[PDB]
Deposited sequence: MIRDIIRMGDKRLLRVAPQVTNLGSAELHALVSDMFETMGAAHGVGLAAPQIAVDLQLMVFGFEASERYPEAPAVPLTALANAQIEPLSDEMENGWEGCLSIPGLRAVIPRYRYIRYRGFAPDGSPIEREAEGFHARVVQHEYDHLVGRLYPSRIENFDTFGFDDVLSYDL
């Protein structure tokens, strides 16, 4: 079932989510399925459970075709933990389905490792770089009640997607 995506300004996006504790369950499988369906209908590349008002450490992401590549594998990741693999930052465009019509340039770590669990309870640990790593950092911030405007450094880059002409 496609779920409503709540928009920036909803206080539910500002919560620190608790962990998923029903790995392998039918309930978590149904939630994940709704999340992939919801992310697909909105044409997202990532979606975090709090954006559908579900207070849990859970995200989905990935795609073949969306600008970007090597396309990230479709992944559902519970209880994600991230760490940078270098201090190197890279700027790149981010927009949010909870922030429709907008985007800004945001610095993110270029290289990370993320760990958590697939919805069947098997562990996931991967190194990622570039767009893949950016997506995961963006969704991870949702799970700690943080949205991308609070990461903007150059406000000349922030505006509506159909009007920005920043290089």
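TODO: In sequence order, name the stretches of the deposited sequence that have no C-alpha in these coordinates.
DONE: Several stretches lack coordinates - namely 67 to 69, 171, in sequence order.
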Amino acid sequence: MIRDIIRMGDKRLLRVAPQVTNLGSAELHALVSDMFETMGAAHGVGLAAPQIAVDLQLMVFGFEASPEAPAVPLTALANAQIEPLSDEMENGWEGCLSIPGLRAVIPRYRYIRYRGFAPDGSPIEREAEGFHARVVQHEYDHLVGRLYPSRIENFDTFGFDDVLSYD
From here on, numbers count along this sequence of modelled residues.
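Between two forms, the rigid core is the largest collection of C-alphas that superpose within 1.5 Å.
TODO: With everything overlaid on the rigid core, name the stretch, 90 to 98 or 70 to 78, whose CA atoms wander farther on average in 8 other deposited structures of this protein.
DONE: So, of the two stretches, the farther one in 8 other deposited structures of this protein is 70 to 78.
TODO: Please report whether at least a third of the other compared entries leave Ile106 without coordinates.
DONE: no, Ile106 modelled in all other entries.
- [ ] Note whether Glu64 lacks coordinates in a third or more of the other compared entries that model its flanking residues.
- [x] Affirmative; at least a third of those entries omit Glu64.
Task: Segment of higher mean CA temperature factor, 100 to 108 or 131 to 139 - done: The entry gives the higher C-alpha B-factor average to 100 to 108.
TODO: Return whichever of 14 to 22 and 155 to 163 has the greater mean Cα B factor according to the PDB record.
DONE: Averaged over C-alpha atoms, the B-factors run higher in 155 to 163.
Open item on the list: Just the C-alpha B-factor column, please: which of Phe63, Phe36, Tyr114, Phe117 has the biggest number?
Closed with: Among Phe63, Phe36, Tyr114, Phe117, the PDB entry lists the largest C-alpha B-factor for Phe63.
- [ ] Going by the recorded CA B-factors, say which third of the chain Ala42 sits in, lowest, middle or highest.
- [x] Highest third of the chain for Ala42's C-alpha B-factor.
Open item on the list: Using the temperature factors of the C-alpha atoms in this entry, rank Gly9 within its chain: lowest, middle or highest third.
Closed with: Highest third, going by the recorded CA B-factors of the chain.
TODO: Would you mind checking where the Cα B-factor of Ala48 ranks among the modelled residues of its chain, as the lowest, middle or highest third?
DONE: Lowest third.
Open item on the list: Ranking every modelled residue in this chain by its Cα temperature factor as given in the entry, which third contains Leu56?
Closed with: Ranked within chain, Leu56 CA B lands in the lowest tercile.
Task: Ranked C-alpha temperature factor of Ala69 among modelled chain residues, by third - done: For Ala69, whose C-alpha B-factor we compare with every modelled residue in the chain, the answer is the highest third.
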